[PDB]
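Position 1 is the first residue of the sequence, and the numbers go up from there.
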Amino acid sequence: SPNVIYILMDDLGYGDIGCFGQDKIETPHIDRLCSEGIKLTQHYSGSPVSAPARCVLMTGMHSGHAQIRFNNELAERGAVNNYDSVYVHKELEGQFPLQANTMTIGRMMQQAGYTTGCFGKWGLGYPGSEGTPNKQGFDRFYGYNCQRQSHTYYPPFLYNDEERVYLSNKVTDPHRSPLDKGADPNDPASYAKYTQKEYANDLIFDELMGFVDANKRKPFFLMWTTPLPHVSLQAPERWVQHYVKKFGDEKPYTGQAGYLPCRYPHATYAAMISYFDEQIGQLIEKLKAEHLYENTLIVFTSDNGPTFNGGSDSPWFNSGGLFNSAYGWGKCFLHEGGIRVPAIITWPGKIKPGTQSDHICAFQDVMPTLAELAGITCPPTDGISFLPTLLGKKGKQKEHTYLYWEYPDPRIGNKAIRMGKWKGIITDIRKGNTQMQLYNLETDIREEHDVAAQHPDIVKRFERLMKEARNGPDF
Ligand SMILES: [Ca+2]
């Protein structure tokens, strides 16, 4: 029974990595990983935003049954959106917590005899709540507790388990740090203030690598929940200048769509993804040097589809790959562009290299996949193990009747069903819309041609399945 490294990136689109068609952003170590394992082409998140995605991944329940179904900042506590206030008052930090005793994949692997660690970003409970990493199946945690904190990669502090660790970085509000009055928006000098002493991704990595060196002769389950490449656009100058030389000059980003200004927004979005690629490069080198590559299975995926704000340019990178990535089609919506995420798994000598499965699976399935892989009775779950697909024995791969998603955000409100080629969405639910859009993913992968009027029988089946699939108060 092997080691597991579950690498989860943040707002990385279907087509943001070379082996899913990315032309501009170099992902050598990620492509090398693909070439040495199975590429999943119909792998879905729990949600088109972070907290419910990670809730589904951890709990093994789908977005219609899950504890957390939207990004909930608990603003009743006070000035949660003020970074000065959050620096002083940890009671204002982070997001709605998981309940105490919640069976998470971390806790499952723990009572399976695995040393467990999470490194990067949490988002599933505020400091001192019953939902902190260390109380939710993780022996070890390091990085951002809070999704709002990670909006800057030079934060004033991070967490080492339950304790804060203060950094040589001035407290900033990345939503309220415009360019100095009458600074030339075309001079890189005017952006220098968005680079401080300690880049969070450096620290998170040093600590993840320390955890590996610490547990090399032990069975370990390690989740690398990096906040990259979530905006703001901050990356080492080495990696930025690589892409300024490649892409050439470009219009500066001056914060029009929130987060920090950025002189070279394209070059910097690339730099961010290549920087992280290179970290994966060093991890693999260490696994090999410590003779662990053969006994270590590795997942690489993204928590949701690509974004529309913060100086991101998803259309220019075609970050959605097969799917549209403009606002409405990606992050925050149940269009394929937002919920389908690139997925790679390697287990050398067990998984077959250079292979591909189009098996329909999702974050729910990760719990039972790990339970089967670890030889342990699976807790209750909405998941179906996809270990049979990983090991080439399609003959014993159970299939979902259908997949359900709901994102009951306060503004819009979204429910969706996939069942074979048929993909139904109800959006604008908050505005009182009950009308379903129906897409044939086999003839219409970009979901640009509603055919709900032509299949009243399928719409009705889907309407009933949406009622059966879900728990809790409706919206
Ligand atoms: Ca995300």
Which residues pass the side chain to side chain donor-acceptor pair (under 3.5 Å) test with [X], not counting sequence neighbours?
X      : answer
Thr254 : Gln256
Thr307 : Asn309
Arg176 : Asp173
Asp358 : none

Main-chain N/O of [Y] paired to [X] side chain as donor or acceptor, under 3.5 Å:
X      : Y      : value
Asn3   : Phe220 : yes
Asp303 : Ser45  : no
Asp16  : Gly13  : yes
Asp31  : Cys19  : yes
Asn160 : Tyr142 : no
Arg77  : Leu74  : yes

Tell me the salt bridge (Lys or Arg N to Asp or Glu O under 4.0 Å) pairs involving [range], sequence neighbours left out?
range            : answer
residues 327-339 : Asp11-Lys331, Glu336-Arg340, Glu336-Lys423
residues 254-277 : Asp249-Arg263
residues 85-97   : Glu93-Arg164
residues 116-143 : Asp10-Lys121, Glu130-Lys135, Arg140-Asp161, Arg140-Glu207

Tell me whether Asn101 at atom CG has more than 12 heavy atoms from other residues, nucleotides or ligands lying less than 6.0 Å away.
no

Does atom NZ (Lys286) have a neighbourhood of more than 12 heavy atoms from anything else shown, all under 6.0 Å?
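Enclosed: over 12 neighbouring heavy atoms sit under 6.0 Å from NZ of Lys286.
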
Who passes side-chain contact (heavy atoms from CB on, under 4.5 Å) against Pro408, sequence neighbours left out?
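Only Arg69, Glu406, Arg430, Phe475 meet the side-chain contact (heavy atoms from CB on, under 4.5 Å) criterion with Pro408.
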
Could you work out, with side-chain contact (heavy atoms from CB on, under 4.5 Å) as the rule, every residue matching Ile376, not counting sequence neighbours?
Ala112, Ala374

Can you list everything that forms a ring pair (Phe, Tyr, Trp, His ring centres under 6.0 Å) with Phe308? Sequence neighbours excluded, please.
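Listed in chain order: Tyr327.
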
Taking ring pair (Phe, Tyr, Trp, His ring centres under 6.0 Å) as the test, write out the residues that go with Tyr243, two or more places apart.
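Scan of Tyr243 (ring pair (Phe, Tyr, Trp, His ring centres under 6.0 Å), adjacent residues dropped) gives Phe247.
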
Step by step, work out the side-chain hydrogen bond (donor to acceptor under 3.5 Å, both in side chains) result for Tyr44 and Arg418.
CA-CA 10 Å; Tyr44 291 94; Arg418 175 151 190 197; 2.7 Å; yes

Show the numbers, then the answer: is there a side-chain hydrogen bond (donor to acceptor under 3.5 Å, both in side chains) between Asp365 and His400?
CA-CA 10 Å; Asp365 302 335; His400 297 277; 2.9 Å; yes

Taking side chain as C-beta onward, heavy atoms only, is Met58 less than 4.5 Å from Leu124?
yes

Identify which one of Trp239, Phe205, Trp224 satisfies the ring-ring contact (aromatic ring centres under 6.0 Å, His included) criterion when paired with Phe276.
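Of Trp239, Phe205, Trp224, ring-ring contact (aromatic ring centres under 6.0 Å, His included) with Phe276 is met by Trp224 alone.
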
